[PDB]
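A single chain comes next, written as structure tokens; it is the form deposited in one PDB entry.
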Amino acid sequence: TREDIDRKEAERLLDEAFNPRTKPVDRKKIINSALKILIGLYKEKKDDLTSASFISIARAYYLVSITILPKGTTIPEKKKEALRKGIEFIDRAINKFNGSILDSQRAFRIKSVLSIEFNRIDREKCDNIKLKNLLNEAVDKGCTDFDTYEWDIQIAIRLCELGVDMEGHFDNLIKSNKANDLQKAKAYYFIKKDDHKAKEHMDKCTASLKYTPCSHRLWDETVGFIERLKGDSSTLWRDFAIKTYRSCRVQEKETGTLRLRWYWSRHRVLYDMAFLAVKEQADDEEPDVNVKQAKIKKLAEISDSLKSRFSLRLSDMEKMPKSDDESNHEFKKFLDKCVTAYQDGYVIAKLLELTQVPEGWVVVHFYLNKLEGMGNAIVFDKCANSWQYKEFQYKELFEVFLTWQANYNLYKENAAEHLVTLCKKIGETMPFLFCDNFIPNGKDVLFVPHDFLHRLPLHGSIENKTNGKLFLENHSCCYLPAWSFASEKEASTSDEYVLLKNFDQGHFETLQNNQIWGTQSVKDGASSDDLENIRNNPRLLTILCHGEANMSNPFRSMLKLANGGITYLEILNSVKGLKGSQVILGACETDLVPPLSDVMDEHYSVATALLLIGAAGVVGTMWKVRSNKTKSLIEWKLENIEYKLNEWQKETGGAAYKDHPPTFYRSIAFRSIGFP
């Protein structure tokens, strides 16, 4: 009777932790105390436990498997270990057989749900065949109560997903008020093969997906259902993919005030499905051109909606620095909302439109599709008012880029031959940016790039010919992280020229002695407060400092000024008077963003924070050059502020990759980040 009262004090704590009015920070401690007292009971009565306590141990293992969050991009080992221990602790209860009749139902229910979660998060250890056999035995032991037990619905839906016929169970499945829209849609699709009712239930699921946060399990199950619908070549996966994309967009608009979204692994592949769906509604024969142009515009809106925010990890969110205390409340509100949604799943100003481009400009949106392994370039032309798209492959381009990155990080100036090879590989991979039909001649081009193509010099592309032509010799190149960063009415409104300097190694003594530099905040040994002390919107700001890249948080990447320097977050909060200000940075981009190892990176430098403040354009260096070239750019900008950067790049000798690759290395490094 000591085991009885210890099990009841553990079962009270388990059901209090299983209450949807409990905060998760309390839930972890409560469920660990209950698991502690059950584990101590096991330690003292090692092999003489009843099955009634074994089911409590297995339920505690299921509940700790719920509250273990992925702090990165991989499933943690603790969740798999918790599910494994619950499986064997229920296995000894099954080997303790011939107890009560309801105990067999409860034990096989706990076993089947634990095996379902293990098969979901680890397919190799928990196969489909063993799961099919166990869930087959579970309904043989009478686990078909769809009206008082939520988990029996999951058993039936997983079983009909596996392949066995459940035509008898269907009428008992549908009338339950514990079933939800996605389960009813899977029941209508997999058992009765009804497309018509499943479409209505899936649209109801899509409509309910609007108000639930992305950490909820409904998103994972929905994207898995759409991936299964694409797996058997169904006709309904395209519409469901576009509906789920629209729901994800309107949900992602509702996130906390920073450019942040929750990371879940399927969030990419949903976009990678939805893009493909619109693509299959374009290349497949559509008789009217006006719907096809709308589809090619929808592709460029899908890519921009992906490129807006950058999806931080969980450990970086917990290690977030503290400043602007109301935004601290907003960020912790976002974090607790996401974690509460994750466990709640188991406990039961003006964006410029894509056609608002000035005359004589061409906009190139990029997308890297990891499902099909392709790269899509979508071009919008304002003079013709047309939309087109082309494909390329990015594997060998990624290879040559990683070769240049390794050679650069070892021998910074002497990687010029690898830079010429990378530029020729960009020109050979993408011939469509040298033909007249895709990009017209003499027209300004704004690139809106994606993934590792952000770090590629697109202006230095060499055409696949013998007398190879550089790309910047005919077009004016501009860059942008996403189309949501573009603005209207730059409004510089002043004429003051401001300089900041912190480092003394670079021989800028002749630059700081110049007459033109304005009356406020021109320094030597500048600090972060001096950057925050800009009064009213200067014409040109020049920040000369070293750069520091935090390898996990872009919010902790900082510019090396005095007394600790200024970070991305301190830029986004503290500096106010820089609306419509041309900025020139002395820090290279390789010191501002970390080097990358995967094909996908979403990392924003301080130039994007400067654009979010309201600056009109930021001119920087992609990699490290000597101080004389940056001084020459600053002096040419001071003498000529209106003139374009590709003219200076052509005049300095940047068209001579064949004879002097150091000059080509120093010339094409300069990139403007803005949209005039």
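All residue numbers refer to positions in the sequence shown, first residue = 1. Throughout, rigid core stands for the largest set of C-alpha atoms superposing within 1.5 Å between the two forms.
Below, we refer to the form deposited in another entry, which is not included among the displayed structures.
- Once the core is superposed between this form and the one not shown, every option in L596, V269, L218, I121 stays below 2 Å in C-alpha shift except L596.
- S521 is among the residues whose C-alpha shifts by 2 Å or more between this form and the one not shown once the rigid core is aligned.
- With the core held fixed, the Cα of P449 is displaced between this form and the one not shown by less than 2 Å.
- Once both forms are fitted on their core, the CA shift for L306 between this form and the one not shown remains under 2 Å.
- Annotation: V625/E589 CA-CA distance shorter in the other form than in the displayed model, change of at least 3 Å.
- Relative to the shown form, the CA atoms of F670 and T590 are brought 3 Å or more closer together in the other form.
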